[PDB]
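What follows is a set of notes on a single structure, which appears directly below.
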Amino acid sequence: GXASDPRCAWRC
């Protein structure tokens, strides 16, 4: 669940 965290959203 990364939809609110750009620094991980690239994976998810």
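Ordering of the structure tokens sets the chain letters (A, B, ...); residue numbers start at 1 within each chain; ligands are numbered from 1 in the order shown.
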
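Considering only chain A, backbone DSSP assigns helix (DSSP H, G or I) to residues 6, 7, 8 and 9 of chain A.
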
Take the residues just selected and output them with N, CA, C and O atoms as a PDB file, in the first residue's frame.
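Output below, filename again.pdb:
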ATOM      1  N   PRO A   6       4.948   8.566  -2.530  1.00  0.00           N
ATOM      2  CA  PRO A   6       5.675   8.589  -3.809  1.00  0.00           C
ATOM      3  C   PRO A   6       7.050   7.896  -3.825  1.00  0.00           C
ATOM      4  O   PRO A   6       7.357   7.204  -4.800  1.00  0.00           O
ATOM      5  N   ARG A   7       7.851   8.023  -2.753  1.00  0.00           N
ATOM      6  CA  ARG A   7       9.170   7.372  -2.561  1.00  0.00           C
ATOM      7  C   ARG A   7       9.148   5.837  -2.505  1.00  0.00           C
ATOM      8  O   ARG A   7      10.215   5.219  -2.495  1.00  0.00           O
ATOM      9  N   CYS A   8       7.967   5.220  -2.497  1.00  0.00           N
ATOM     10  CA  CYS A   8       7.757   3.781  -2.664  1.00  0.00           C
ATOM     11  C   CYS A   8       6.723   3.453  -3.755  1.00  0.00           C
ATOM     12  O   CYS A   8       6.698   2.339  -4.276  1.00  0.00           O
ATOM     13  N   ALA A   9       5.854   4.404  -4.117  1.00  0.00           N
ATOM     14  CA  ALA A   9       4.765   4.186  -5.064  1.00  0.00           C
ATOM     15  C   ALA A   9       5.228   3.689  -6.452  1.00  0.00           C
ATOM     16  O   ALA A   9       4.524   2.908  -7.092  1.00  0.00           O
TER      17      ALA A   9
END
